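Before any questions on how it binds or moves, here is one chain, the form solved without its partner chain, in structure tokens.
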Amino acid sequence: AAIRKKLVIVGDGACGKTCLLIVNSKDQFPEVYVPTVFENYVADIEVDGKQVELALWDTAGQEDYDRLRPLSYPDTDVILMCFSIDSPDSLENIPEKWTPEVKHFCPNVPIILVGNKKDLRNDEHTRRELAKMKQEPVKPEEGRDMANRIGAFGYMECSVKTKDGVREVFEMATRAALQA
């Protein structure tokens, strides 16, 4: 049968985690807001002639969920660790919060660092809202640097809005999950 692997997605609230999982649904998603996918979603990825089924586990990044979140970690095969390119704060929390949490609960599990919302890097409204506080969108080189700092298997940028990069995120996650 297909190889069975578990993926968990983590990162600050609002950085696009749930949308990144939902893009792998064959069904049109209804016009509702869900903090976390609460049904059993699976990504069917073929890599190197191998059929893999990736169980996708969503999490809530907010501090109030810190005690419940580790219940999602048992037997994880790959982590998608997300920040948003429109949120320098979300990148700052990668080494400060997400990296030590997942290394504790998921020792030796490969991490794919994902910069979501790539479409906002050049977005005029985003640039203005960050610029007013003397900030700017995350640059690709900052994501690469952070992947090195945290020991990630890779760094990828994607936009669920435009779909650019989404395929590579799940293909890389699958290749990472297959290494163990």
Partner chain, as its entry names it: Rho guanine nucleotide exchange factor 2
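Residue numbers count along the first chain shown, from 1.
Just so it is clear, the following notes concern the form deposited with its partner chain bound, a form of the same protein that is not shown.
Among heavy atoms of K6, some come within 4.5 Å of its partner chain in the bound PDB entry.
When contacts are judged by a 4.5 Å heavy atom cut-off, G61 counts as touching its partner chain in the bound PDB entry. Contact between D145 and its partner chain in the bound PDB entry is not found at the 4.5 Å heavy atom cutoff. In the bound PDB entry, no heavy atom of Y155 sits within 4.5 Å of its partner chain. Residues of 29-52 lying near its partner chain in the bound PDB entry, listed in sequence order, are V32, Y33, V34, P35, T36, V37, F38, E39, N40, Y41, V42, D44, the criterion being any heavy atom within 4.5 Å.
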